[PDB]
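Data first, discussion second: the structure below is written as structure tokens.
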Protein chains: 2
Amino acid sequence: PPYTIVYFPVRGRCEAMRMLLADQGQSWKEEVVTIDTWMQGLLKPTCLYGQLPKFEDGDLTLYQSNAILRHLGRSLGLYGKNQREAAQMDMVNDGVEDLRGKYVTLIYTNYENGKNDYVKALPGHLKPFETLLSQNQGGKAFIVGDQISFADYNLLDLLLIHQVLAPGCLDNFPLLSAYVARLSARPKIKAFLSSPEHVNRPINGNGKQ
Amino acid sequence: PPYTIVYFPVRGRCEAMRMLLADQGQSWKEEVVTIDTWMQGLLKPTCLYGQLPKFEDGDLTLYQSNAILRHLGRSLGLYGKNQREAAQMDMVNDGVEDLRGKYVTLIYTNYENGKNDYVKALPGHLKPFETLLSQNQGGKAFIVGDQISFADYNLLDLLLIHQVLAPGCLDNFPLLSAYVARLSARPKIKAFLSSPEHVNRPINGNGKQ
Ligand SMILES: CCCCCCSC[C@H](NC(=O)CC[C@H]([NH3+])C(=O)O)C(=O)NCC(=O)O
Ligand SMILES: CCCCCCSC[C@H](NC(=O)CC[C@H]([NH3+])C(=O)O)C(=O)NCC(=O)O
């Protein structure tokens, strides 16, 4: 530490790392970049892939939100107890990222016309996660193993925004509904989710959700 | 071990992990799924995300090409000397994945009409890797640290298929050109790249490259 998140004023790709830091009792500095500032073009050319999030952990500057998430998993001890678990956490986080990729394209490229087709195809995309939970202690623990990982925080965020998009999407997925309820109730996540910083922040930049 | 890769008969998302295994002196089995068998629809429901590659390592079954690569990186000691390196290698590999995703979209959905635009945009996408390399020992070693890692194989594969798509795209990138040349001359990669198995396998599934 110290931790600094540099990002646009939206939840987007930074709300899972914010929830992880909050639930682990860490504090961080939030460096908000407004669109006017981004459009001035001084910040972008200093960013490795010209995009945000940018994260600082003391000495180390990182880019790519999943690299930042895996870094926090590795350094805060949220990456499983052994290689098999870590391999499975990666498979989970990668599946999360694929659906987050589709969600971002719906929101920003085709909200109006794509929405009903997205939501109709959503159960087939949520089913893998329900299968993984049943296979792990009947869905009563975390997505991989007995302890929380970086992957849980990223999956919870993905499910929380899909419930805003399609309110009953978890009605036929009992283990995922219970998982969402369970993890949201964790004292420090529950507190973070009720914080004005989280609440005043839009999910996406274009007003859709 | 044993190692088994279950994939379509194309290079696609499995040629980087094949080069990694070959260079680390491992043997593996290829279970080839043809497109006509896949379209019968019997194997797809058994895949966690309905997709291939599927990888078997002894009794661990994995899906997601980057989870498989990170797994091999972790089990074979190709993930750096410390946490700082490990985070940097993930940042590199997520940057490779972003460009691979763009490449896939070009190839399968918009080749004839998007190629010129892609190639014009490509220098701005390769410049980060050139910069990373110049900061790591003036580009004479690997992408991160002084030992090869899973990210080097994924980056090498990305640049090799881009040299097919846009011959001479590395002309303005002296360090990436020297890098490709250096890693391609590693005797076990050199053997793999001239093997008929590799040579006769198409880069992509739709005849474009
Ligand atoms: C206006 C607020 C809403 C937009 C927020 C969308 S995420 C922002 C976008 N960055 C990314 O898409 C980063 C993707 C990267 N792969 C990651 O995982 O971190 C960006 O920096 N875009 C700036 C650019 O490309 O110029
Ligand atoms: C189609 C013939 C040529 C395709 C070669 C490209 S890989 C095929 C595609 N798989 C993927 O896109 C996997 C992406 C996944 N994120 C990964 O990294 O493993 C698939 O299984 N597609 C089958 C499906 O979706 O039904």
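Following Swiss-Prot, chain B residues are numbered 2-210, in order.
Cβ from N, Cα, C; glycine included.
Lifted from Swiss-Prot, the feature list:
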DOMAIN    B:2-81  domain 'GST N-terminal'
MOD_RES   B:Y4  phosphotyrosine
BINDING   B:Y8, B:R14, B:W39, B:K45, B:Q52, B:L53, B:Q65, B:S66  glutathione binding site
DOMAIN    B:83-204  domain 'GST C-terminal'
MOD_RES   B:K103  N6-succinyllysine
MOD_RES   B:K116  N6-succinyllysine
>> Please report the distance from the Cα of B:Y8 (glutathione binding site) to the Cα of B:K103 (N6-succinyllysine), rounded to the nearest angstrom.
In response: 21
>> Helix, strand or coil for B:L53 (glutathione binding site)? Use DSSP.
In response: coil
>> Take the recorded positions B:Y4, B:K45, B:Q52, B:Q65, B:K103 and keep those with a Cβ under 8 Å from any chain A Cβ; what remains?
In response: B:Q65
> Highest CB neighbour count within 10 A among the recorded positions B:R14, B:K45, B:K103, B:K116?
Replying inline: B:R14
> The record names B:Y8, B:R14, B:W39, B:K45, B:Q52, B:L53, B:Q65, B:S66 as the residues that bind glutathione; what is their largest Cα to Cα distance in Å?
Replying inline: 18
>> Quick check on the binding-site residues B:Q52, B:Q65, B:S66: which one has the highest count of other Cβ atoms within 10 Å of its Cβ?
In response: B:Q65
>> Out of the recorded positions I have (B:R14, B:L53, B:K103), which ones have their Cβ sitting under 6 Å from ligand 2?
In response: B:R14, B:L53
> In the domain 'GST C-terminal' (B:83-204), how many residues does DSSP put in helix, strand and coil?
Replying inline: 94 helix, 0 strand, 28 coil
>> Between the Cα atoms of B:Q52 (glutathione binding site) and B:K103 (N6-succinyllysine), what distance do you get, rounded to the nearest Å?
In response: 18
> Nearest to B:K103 (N6-succinyllysine) by Cα distance: which of the recorded positions B:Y4, B:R14, B:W39, B:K45, B:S66 is it?
Replying inline: B:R14
> Which of these binding-site residues is closest to B:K116 (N6-succinyllysine) if you go by CA atoms: B:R14, B:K45, B:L53?
Replying inline: B:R14
> At the Cα level, what's the spacing in Å between B:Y4 (phosphotyrosine) and B:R14 (glutathione binding site), rounded?
Replying inline: 16
> Once the chains shown are all counted, how many other Cβ atoms turn up within 10 Å of the Cβ of B:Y4 (phosphotyrosine)?
Replying inline: 16
> Where does B:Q65 (glutathione binding site) sit by DSSP, helix, strand or coil?
Replying inline: coil
>> What does the DSSP secondary structure composition of the domain 'GST N-terminal' (B:2-81) look like, as residue counts for helix, strand and coil?
In response: 31 helix, 17 strand, 32 coil
